Amino acid sequence: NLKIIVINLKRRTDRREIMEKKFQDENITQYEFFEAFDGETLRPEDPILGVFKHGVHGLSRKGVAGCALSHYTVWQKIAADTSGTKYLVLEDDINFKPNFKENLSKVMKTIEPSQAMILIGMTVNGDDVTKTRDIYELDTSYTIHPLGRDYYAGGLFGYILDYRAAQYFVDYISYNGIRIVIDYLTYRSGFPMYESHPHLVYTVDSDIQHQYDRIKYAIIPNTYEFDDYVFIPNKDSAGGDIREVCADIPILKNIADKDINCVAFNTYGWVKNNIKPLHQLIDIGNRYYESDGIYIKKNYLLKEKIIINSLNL
Amino acid sequence: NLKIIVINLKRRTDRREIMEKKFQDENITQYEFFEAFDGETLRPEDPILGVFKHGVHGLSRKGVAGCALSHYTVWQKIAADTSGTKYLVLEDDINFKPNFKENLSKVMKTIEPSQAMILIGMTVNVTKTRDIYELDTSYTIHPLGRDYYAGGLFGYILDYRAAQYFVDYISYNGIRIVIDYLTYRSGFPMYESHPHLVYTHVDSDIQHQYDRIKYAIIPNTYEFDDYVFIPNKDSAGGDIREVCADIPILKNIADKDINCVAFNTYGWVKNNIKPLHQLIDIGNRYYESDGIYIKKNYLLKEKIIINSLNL
Ligand SMILES: O=c1ccn([C@@H]2O[C@H](COP(=O)(O)OP(=O)(O)O)[C@@H](O)[C@H]2O)c(=O)[nH]1
Ligand SMILES: O=c1ccn([C@@H]2O[C@H](COP(=O)(O)OP(=O)(O)O)[C@@H](O)[C@H]2O)c(=O)[nH]1
Ligand SMILES: [Mn+2]
Ligand SMILES: [Mn+2]
């Protein structure tokens, strides 16, 4: 049956105790705490941070990043469970509307097979709170609807999902890194989302909103050699970009593999459709890796090589 | 719907007149002047300066401080307007590129809901920047070209979301960064127009003034239910960080941080303090009196245990 996961910082034993007491009052015994990534203690050299290494600096805020890692890690776990078991993921500061246990039960019973991602709470646009009280607050049907995308102002504090949604989110990140705050990431991912009527949970004490310090990434070893690419350390081809992803070489290499139009990627996280002549590559210093540089597809270079060597120079 | 605000010193009536004539020439008929904080007349004892009272002394330069206060006050106003109305904030020495009114209109029409902070001009640190900033005729909105940025809050479009974020940043940090770079370093997502719509000894009420405000000592009238104040005492080290010598700001930071057990009025918030009998003497520098606030919950825990002991 339903697995409940509560994302909780080890240090927030206050929040943990509150949640445990809430579950007791609801007679819910089937839950577990996920030990949340503490943004404060994330190590600058930890390779898991690769997903955040790009030009959207807001994602490097310690609390923002820790939160993102926590949901993402939970998704990896859920993604692995292809049994189809349902998970309810909660944050550790939520409130239950009265008769939570009964209401959740009714909602669960109503779920159809295609409803893989369901918000049972969300932040509603301030301007839309009044006009959506009928569907979100006052409703007594306990039914599941397409997400009201026009009303959405964030929230992964209460959602029911299975491996299908989790795997999709995980896949999205493998092609994008984490360039969007984690709740908006699900919203922008293109995965179909649903909602309960009414909402079952709702949410000021915050380990995120007042932390503006960013993780300062340590330079980490570049131990990556690939059969299909030549690596040129400390050189780049400015421009000719498809897009920026994130400074994570395995992620980048895979993206480059899958894209016929991609001829090169740099370790800063740019995947490129055009590069300059090699003699026109510019110098780039180590920012993320020892060494940073550019990977170029061998097939591209081999074509050039054959032709250039044939020429009467 | 766009509200235009021009930051202008009351004394710079010359700049004001120029701007008004510029608006006329551009057929912009609605705008208002914000009365800029004159750094020259900021009172040493004015409590508003608490945000500048720290070790980054460059922020205490009279013009720098006045400018910072002006944008910050404008942000407070905008932050209050949660209707989502767009504001265009200008400094009072800018030039409009030809066909400003029409071009602005085109830019406004392209705005997406997440684009809360948009530079329509900035100081650029040349082929690429001329093409995107000067020659471009698309009138579209892009992520800020962070690599090209060399400052500027002389022309920006924002709503309450950007303003409130900046305001919040300052409530947790004071103003330890020149105000333009503050937005840039704040972590808020910033955008830019292609092209830019506006552009800027050189006439300046900031860049020639190196004299700093010398802060007067002001009364410490602050008593808090959750803290005991010990005047003219400090606990050396055990610091999280220095913020600024502003007691209300500090108290709020201390409230919100479970690891914080004390703060001094010099602007240091602390995670560890010595035994009380090992507190050191510190003189009045910002407040009468300077000293240390210690959380009562911390001391009450000690008190219970110490009183239980066979002494
Ligand atoms: O460094 C952090 C801070 C928070 N969180 C988790 O993110 C959720 C929201 O945290 P909080 O309530 O502090 O933030 P807010 O709701 O204000 O964004 C909770 O489940 C936390 O355990 C996390 O994983 N790492
Ligand atoms: O004491 C001062 C000096 C300037 N400013 C404002 O800051 C902006 C930039 O000032 P100025 O052009 O003199 O400075 P610069 O561009 O040389 O830094 C203008 O809107 C001024 O009204 C202010 O608020 N207080
Ligand atoms: Mn929360
Ligand atoms: Mn100027």
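One-based numbering, in listed order, for ligands and for the atoms of each. Below, read A as the first sequence line, B as the second, and so on, with proteins coming before strands; counting in each chain starts at 1.
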Checklist entry - Tell me, which residues have any heavy atom less than 4.0 Å from some atom of ligand 2? => result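 The 4.0 Å shell around ligand 2 contains B/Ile7, B/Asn8, B/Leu9, B/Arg15, B/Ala36, B/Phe37, B/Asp38, B/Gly39, B/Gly63, B/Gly66, B/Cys67, B/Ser70, B/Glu91, B/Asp92, B/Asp93, B/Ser204, B/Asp205, B/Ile206, B/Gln207.
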
Strictly by modelled atom types, are [X] and [Y] linked by a side-chain donor-acceptor pair under 3.5 Å?
X: A/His71; Y: A/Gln76; value: no
X: A/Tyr217; Y: A/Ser60; value: yes
X: A/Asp171; Y: A/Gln167; value: yes
X: A/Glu195; Y: A/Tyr136; value: yes

Next on the checklist: Checking the side chain of A/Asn125 only, and the main-chain atoms of A/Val129 only, is there a donor and an acceptor separated by less than 3.5 Å?
Outcome noted: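 No; judged by distance alone, with no hydrogens or angles, the pair does not exist.
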
Item to check | A/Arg179 (side chain) donor-acceptor with A/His54 (main chain) under 3.5 angstrom | outcome: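 No; judged by distance alone, with no hydrogens or angles, the pair does not exist.
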
Next on the checklist: I'd like to know whether A/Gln211 forms a side-chain hydrogen bond (donor to acceptor under 3.5 Å, both in side chains) with B/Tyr172, so could you lay out the CA-CA distance, the side-chain angles of the two residues, the decisive distance to 0.1 Å, and finally the verdict.
Outcome noted: CA-CA 8 Å; A/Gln211 172 60 290; B/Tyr172 288 90; over 6 Å; no

Checklist entry - What residues, two or more places apart in sequence or in another chain, satisfy side chain to side chain contact (heavy atoms under 4.5 Å, CB included) together with B/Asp239? => result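 So B/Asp239 forms a side chain to side chain contact (heavy atoms under 4.5 Å, CB included) with B/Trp268, B/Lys270.
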
Item to check | Contacts of type side chain to side chain contact (heavy atoms under 4.5 Å, CB included), residue A/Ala166, not counting sequence neighbours | outcome: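 Result, side chain to side chain contact (heavy atoms under 4.5 Å, CB included) vs A/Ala166: A/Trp75, A/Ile78, A/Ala79, A/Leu161.
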
Checklist entry - Under 6.0 Å between ring centres, would you say that holds for B/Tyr156 and B/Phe154? => result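 No, the ring of B/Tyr156 stays outside the 6.0 Å limit from the ring of B/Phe154, centre to centre.
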
Checklist entry - Closer than 2.8 Å to the Mn ion (ligand 4), which protein N, O or S atoms? => result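 Per the 2.8 Å query on the Mn ion (ligand 4), atoms found are B/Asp93 OD2.
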
Checklist entry - What about A/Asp205: any of its N or O atoms under 3.5 Å from an N or O on ligand 1? => result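 By distance alone, the answer is no.
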
